[PDB]
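> Below is one structure. I have some questions about it.
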Protein chains: 2
Amino acid sequence: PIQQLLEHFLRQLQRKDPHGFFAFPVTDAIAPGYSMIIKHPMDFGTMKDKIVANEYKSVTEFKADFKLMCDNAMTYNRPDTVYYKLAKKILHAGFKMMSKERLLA
Amino acid sequence: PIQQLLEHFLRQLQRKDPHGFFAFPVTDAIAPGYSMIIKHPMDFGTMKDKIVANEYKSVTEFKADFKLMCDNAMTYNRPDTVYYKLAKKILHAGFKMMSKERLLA
Ligand SMILES: COc1cc(-c2cc(C(C)=O)n3ccccc23)cc(OC)c1Cn1ccnc1
Ligand SMILES: COc1cc(-c2cc(C(C)=O)n3ccccc23)cc(OC)c1Cn1ccnc1
């Protein structure tokens with residue numbers, strides 16, 4: 001169904017994150033106080049399961065989570081950091097990838 | 001190409017580092033003061049080129065670089081950190097992989 005289209009989009013984005021910083025949830029162990037600051041955590045790992053269980057109706061629900069993942073990254077980490085810089089790149093990239101016009105292909 | 005047992009050893013270790021923390025040089029941007037503390041930096045990226053140019057004579061030359069990479073990691077980073085813990089895992093793994101007895105094969 002539309003699950004297949006999301007898996008195409010997901011694999012496009014996972015490839016843009018070669019070091020897998022967005023691969024499973026961030027822990028307080030590696031990110032002090034992450035759980036207190038980000039109350040809506042999101043990751044490709046979580047977005048994979050939600051395609052496996054067809055819990056995505058629209059594209060717009062998928063990109064909502066995708067944006068939440070990048071906003072979390074740009075909210076917890078300083079602009080100086082690898083996690084911030086990669087978040088902004090991936091956010092702007094995915095939005096042009098899953099856009100109104102490019103969806104017509 | 002007689003020396004490809006190094007490439008066997010290398011790809012065993014690279015796979016133990018899925019996030020690719022040992023894949024190219026650490027920068028002071030990512031690691032404050034790295035250049036001051038570690039004067040002999042080493043990485044799989046550097047070790048790949050040195051197989052491409054067959055600059056490794058013995059196994060013991062390869063393990064020497066391998067050890068330097070892990071000892072750098074266990075010198076610069078605190079025990080608490082993911083880079084330290086992965087260094088000690090890879091160190092104990094490579095030592096059993098490239099050991100006195102297993103070198104018979
Ligand atoms: C998805 O797995 C990881 C994520 C991050 C990571 C990701 C992020 C983000 C997305 O904010 N982050 C923020 C501060 C500190 C670390 C991180 C950093 C990581 O290693 C430095 C890893 C890989 N990891 C986790 C546990 N062992 C390895
Ligand atoms: C090979 O690329 C990386 C290496 C490390 C990393 C590796 C190490 C080591 C092994 O000491 N290290 C020590 C302190 C802080 C970071 C690191 C951490 C990384 O991201 C958090 C990255 C990935 N990276 C670098 C620039 N863009 C992505």
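Naming works like this for the structure tokens: A, B, ... for the chains as they're shown, residue 1 at the start of each chain, ligands 1 onward in shown order.
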Within 10 Å of ligand 2, counting only C-alpha atoms and all ligand atoms: which residues, as JSON, numbers by chain?

{"A": [17, 18, 19, 20, 21, 81, 82, 83, 85, 86], "B": [17, 19, 20, 21, 22, 23, 24, 25, 26, 27, 28, 29, 30, 31, 32, 33, 34, 38, 41, 42, 43, 44, 45, 69, 70, 71, 72, 73, 74, 75, 76, 77, 78, 81, 82, 83, 84, 85, 86, 87]}

> Write out as a PyMOL selection string each polymer residue whose atoms come within 12 Å of residue 64 in chain B, counting only C-alpha atoms; drop sequence neighbours fewer than 4 positions from it.

chain B and resi 40+42+47+56-60+68-71+91+94-95+98

> How about saving the chosen residues, C-alpha atoms kept, as a short mmCIF file (atom, residue, chain, number, x, y, z; two decimals), in the first residue's frame?


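This is the output file part_35.cif:
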data_model
loop_
_atom_site.label_atom_id
_atom_site.label_comp_id
_atom_site.auth_asym_id
_atom_site.auth_seq_id
_atom_site.Cartn_x
_atom_site.Cartn_y
_atom_site.Cartn_z
CA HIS B 40 49.76 9.62 17.18
CA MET B 42 45.02 6.35 13.99
CA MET B 47 44.56 1.81 8.08
CA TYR B 56 51.98 -3.27 6.28
CA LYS B 57 54.73 -5.97 6.21
CA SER B 58 53.81 -8.24 9.21
CA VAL B 59 50.51 -8.82 11.11
CA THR B 60 52.33 -7.32 14.16
CA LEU B 68 47.42 2.63 18.95
CA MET B 69 43.81 3.44 17.79
CA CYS B 70 42.35 1.72 20.91
CA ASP B 71 44.99 3.12 23.32
CA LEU B 91 40.82 -4.17 21.79
CA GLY B 94 41.26 -8.08 18.11
CA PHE B 95 43.75 -9.48 20.73
CA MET B 98 45.11 -11.87 16.05
#

> Compute the post-superposition RMSD of the C-alpha atoms of chain A relative to chain B, with atoms paired in order and the fit done by least squares.

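The optimal C-alpha superposition leaves an RMSD of 0.7 Å.
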
> Could you tell me how far CA of residue 66 in chain B lies from CA of residue 49 in chain B, in Å and to one decimal?

14.0 Å

> CA of residue 103 in chain B to CA of residue 4 in chain B: how many Å, to one decimal?

14.1 Å

> Check the smallest atom-to-atom distance from each of A:97, A:92, A:37, A:52 to ligand 1 using only C-alpha atoms and all ligand atoms, then report the winner.

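Using only C-alpha atoms and all ligand atoms, the shortest distance to ligand 1 belongs to A:37.
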
> Tell me, in Å to one decimal, how far CA of residue 16 in chain A is from CA of residue 54 in chain A.

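CA of residue 54 in chain A lies 23.6 Å from CA of residue 16 in chain A.
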
> Looking only at alpha helix (DSSP H) from DSSP on the backbone, list the matching residues of chain A as a PyMOL selection string.

chain A and resi 3-14+34-37+44-52+59-76+82-97

> Tell me which of A:50, A:99, A:80, A:63 sits closest to chain B, counting only C-alpha atoms.

A:80
